[PDB]
Ligand SMILES: Nc1ncnc2c1ncn2[C@H]1C[C@H](O)[C@@H](COP(=O)(O)OP(=O)(O)O)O1
Ligand SMILES: [Zn+2]
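Chains as they are written, first to last, in the entry's author numbering: chain H, 1151 to 1165, 1235 to 1278, 1293 to 1503; chain W, 1151 to 1165, 1235 to 1238; chain F, 60 to 531; chain A, 355 to 443; chain C, 178 to 266.
Set out below in structure tokens:
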């Protein structure tokens, strides 16, 4: 009686701006600086920034001989989000700033490009049976890790002019297979081209992405997967491990939002 | 039991000139 | 005694700017926080012309530490209590290196953290009872490490008074608890006498609360003490980032069971507070720590409680002023317009990470000690989180059998799956038998773990090693 | 609750036969046809819809025994319910 | 040969089996093999039969199997009759 009255009590008792914040990342990485509070009602540009005293860290105005937001050669100097806006003499990065201006302690001028490749190999047990997901086919997406880093990093980065290879795909990886994958890496449909929420952006430059989604019908699909792995030898990395990168992969917080929209590339249920 | 039935009773009973 | 001032360093200010500041009750200050009479040894003299404006980080360089030893008090407590001095840029790796074999401390099993208001606090009975009961229940079982600052003020003093309330009557006696205190060297009353060249180690610190004046004296209350220095004198809130980094580091990577990694459960609980507590919660949420707020404490609990699950967008500055009049009454004077608006960024940052913050109802939900709220936070941020793996599962249950919550054990089954083999439940039921709660072993038998292959020779020997000393 | 066959029949017994499609069979092929998916081929998967439809459309000769909420006793209640449904009515 | 075990399903099956078989003259029809619940029906049969007042065989459990699916067929064939019918398991 005492506990059935308790079970009886429960049920008859019953019977504004949400925009990007990761760009305005507090405690900016790799820099000892703190930001003034910039609330969510203070994300748009039209609102008055009463306490606007942004940091000026640049480890410079290198605008000479470099036309920003223009058509300057095969450098991808145009902003795909229409015409830009200028605030007095210092232009404002669309979407939002992050806390760095000019070039900074980076490779060179221009955009901090990204070029994310991907490789697939079938799961060998005795003949190549496939372990599906709970609902749909979950193809074995794979990523690699930078030799000295706390995070998994795909072989991509700032595209060197005239090369299209960001110094990380051609080296510290497979050998004698460089020309083959370069043709495939420029043949595909994008996941997203534009400014993105990362705490490692700049006010004067931003990231223009190129992505290709490719699936191999066999693990021995020419030299792309079989011979490439057979000719790949690092012999220097301290740690190595292989897993299918499901929700358990600790990539960038940048990449999770990109994957949320890129899941439509294959149409499978993640 | 005797007082929890009492607490149970109450709520399910529900669930010209001004100058 | 020969490893420190060799692997642990300190950061000081190498020159003086004598900016026109009176430091309230005092006679002129640099900006360094010290005076010309005592500003290192050669830093009082100007080193040519480094700069006419003060910004600390650009000019400061490193000198070794000089505060180390064990504090023994005159009459308050006749016991040995260790303390070390740490710098602001000191990595947590070397600090954990110091804890393990340089202080003789074993691996943690729980890392509950307590933060609250200092010199701005108020007392009511049943909140005190709840806090004390939760403290002893969480600290007496397992190997829980309670992390708290250094000071004898308010609930901050009451955590320690509960520590000795439990420790005065203890079977093992001596110290059954490891309570670590964190404080800033700048905010220390009786610094004179705490500095030694190499080592003497009487480390006398009389608790003279009458003569503190403006800097709160260190408590007589924490077993271990961490005293950080940044080059600032009398500036609180400096150790907020370093404390979060340290607790994180001691959270994920202190054990290697299973061959990959073990994440020790961690919770930080806040009672009342102010701007420093807000910064602590913000840094804790950014680093990745579950946080629980006990409602009813005052001036901080309700604000977080009524914005935790609410949408971030509708939280406006105007909402902040409507929340500035009822639970920011006594602190409104120190809050300025340029200082009020910092209360919306940190709250939004903590709220939008809903997987690491929970609210503990004082009256209607979880009407028990803080165990239910802490375990709910651990299961929400541990099992349902996208980052943690399957290894720590075996550890939430080992933690839960100590807190004798079997309804939660029933609840956690429905979303995880041990499809490989039920035999992984033998080690946890070994500890369940010693904890002696029969509902857990009843769950284990109804789950289907067979006791025929459980009790082996070494297993029964281990069980016979852990009889109850109370019985004859 | 037995596994891999009980739930599929349980959630199609009293349900209309028409809405039971092949697509419904594949959505029922991923949770309770896990270990037998390898031996099931496309020409062999589609035989699972004719037999189920044939059994279901004769509702007077099939019943489902709830393990937890209905007939919480031994199989006598379910067997006698089936006998009275297919014998008297 | 494709089966799995859990406790309370086994308890329900066994209890139902003995309750339905011990009373009246119920005939339980089942295949021939010692695998899974198919073996457990028989193990329940002897669990009941080991302690029985009438003793000997109080149950008539008929097994049905295909001659093609028989391991030790060698020795099960006789011209007219010898009837030791030895079948080692
Ligand atoms: N998504 C990102 N965008 C920009 N910089 C990033 C980044 N992730 C990491 N970094 C930082 C960390 C490295 O120390 C630094 C190296 O930069 P770089 O290679 O010199 O130039 P770039 O960033 O143009 O490739 O980039
Ligand atoms: Zn100075």
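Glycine included, every Cβ here is placed at the ideal spot set by N, Cα and C.
**Study point:** Integer Cβ distance of residue 1444 of chain H from residue 1349 of chain H, believed to fall under 8 angstroms
**Key:** 5 angstroms
Review point. Chain W beta carbons: is any one of them nearer than 8 angstroms to that of residue 1163 of chain H?
Key: yes
Point to revise | Residues whose Cβ lies closer than 5 angstroms to any heavy atom of ligand 2, in chain order | key: F:75, F:89, F:91, F:98
Practice item. Check whether the Cβ of residue 354 of chain F lies closer than 8 angstroms to any Cβ atom in chain H. Key: no
Review point. Should residue 272 of chain F go down as buried or exposed, given a rule of 16 or more other Cβ atoms within 10 Å for buried?
Key: exposed
Check your understanding: Quick one: is residue 372 of chain A near chain H, going by C-beta distance under 8 angstroms?
Key -> no
Review point. Where in the segment 202-269 of chain F do unbroken runs of the alpha helix (DSSP H), each at least 4 residues long, occur, reported from the N-terminal end onward?
Key: 214-226
**Study point:** residue 1352 of chain H, enclosing alpha helix (DSSP H) - first and last residue
**Key:** It is not in any alpha helix (DSSP H) - residue 1352 of chain H carries neither H nor E in the DSSP assignment.
Point to revise | Cβ neighbour criterion (16 or more within 10 Å) applied to residue 1382 of chain H | key: exposed
Exercise for review: May I have the straight-line CA-CA distance separating residue 221 of chain C from residue 506 of chain F, to the nearest angstrom?
Suggested key: 22 angstroms
**Study point:** Burial state of residue 436 of chain F, where buried means 16 or more other Cβ atoms lie within 10 Å
**Key:** buried
Point to revise | Within-8 angstroms CB hit, residue 377 of chain A to chain H | key: no
**Study point:** Which listed residue (F:314, F:138, F:379, F:203) has its alpha carbon closest to that of residue 396 of chain F
**Key:** F:379
Check your understanding: Terminal residues of the continuous beta strand (DSSP E) containing residue 286 of chain F?
Key -> 283-288
Exercise for review: Identify whether residue 388 of chain F lies in helix, strand or coil by the three-state DSSP scheme.
Suggested key: coil
Review point. Which two residues bound the contiguous alpha helix (DSSP H) that contains residue 193 of chain C?
Key: 184-199
Check your understanding: Would residue 175 of chain F be called buried (16 or more neighbouring beta carbons within 10 Å of its own) or exposed?
Key -> buried
Review point. So what does residue 5 of chain F bridge to, in DSSP terms?
Key: Since the first residue of chain F shown is 60 and the last is 531, residue 5 of chain F is not available in this structure.
Practice item. Tell me residue 1444 of chain H's beta-bridge partners as DSSP assigns them. Key: H:1349
Check your understanding: Should the segment 1455-1467 of chain H be regarded as contacting the segment 1311-1324 of chain H, the criterion being three or more beta carbon pairs within less than 8 angstroms?
Key -> no
Point to revise | Per DSSP, cross-strand counterpart(s) of residue 1385 of chain H | key: H:1378
Exercise for review: Could you name the residues of the same chain whose beta carbon sits closer than 8 angstroms to that of residue 1261 of chain H, not counting the 5 residues immediately before and after it, in chain order?
Suggested key: 1268
Review point. Counting by C-beta, which residues lie closer than 6 angstroms to a heavy atom of ligand 1, in chain order?
Key: H:1339, H:1340, H:1345, H:1390, H:1391, H:1431, H:1433
Practice item. Please list the partners that residue 401 of chain F has in chain H, where partner means a Cβ-to-Cβ separation under 9 angstroms. Key: 1255, 1256
Point to revise | Contact residues within the segment 1317-1333 of chain H, judged by C-beta distance below 8 angstroms to chain F | key: none
Exercise for review: Go through its chain and collect everything with a Cβ distance to residue 416 of chain A's Cβ below 6 angstroms, but skip five positions before and after it.
Suggested key: 367, 409
**Study point:** residue 1415 of chain H: first and last residue of the uninterrupted alpha helix (DSSP H) it sits in
**Key:** 1411-1418
Review point. Any idea what DSSP makes of residue 1494 of chain H, helix, strand or coil?
Key: helix
Check your understanding: Using the beta-carbon of each residue, which ones in chain H are nearer than 9 angstroms to residue 384 of chain A?
Key -> 1365, 1366, 1367, 1368, 1369
Review point. Rounded to the nearest angstrom, how far is the Cβ of residue 1335 of chain H from that of residue 1294 of chain H, given a contact under 8 angstroms?
Key: 7 angstroms
Review point. Tell me, which residues are paired with residue 123 of chain F by DSSP?
Key: F:68
**Study point:** CB of residue 1440 of chain H within 8 angstroms of CB of residue 1344 of chain H, strictly
**Key:** yes
**Study point:** First through last residue of the beta strand (DSSP E) which encompasses residue 328 of chain F
**Key:** 327-330
**Study point:** Given 8 angstroms, three or more beta-carbon pairs between the segment 172-189 of chain F and the segment 327-346 of chain F
**Key:** yes
**Study point:** Test: residue 1284 of chain H CB closer than 8 angstroms to a CB of chain F
**Key:** A gap in chain H, from 1278 straight to 1293, means residue 1284 of chain H has no coordinates in the model shown.
Check your understanding: Is the segment 254-266 of chain F touching the segment 190-197 of chain F, taking contact as three or more C-beta pairs under 8 angstroms?
Key -> no
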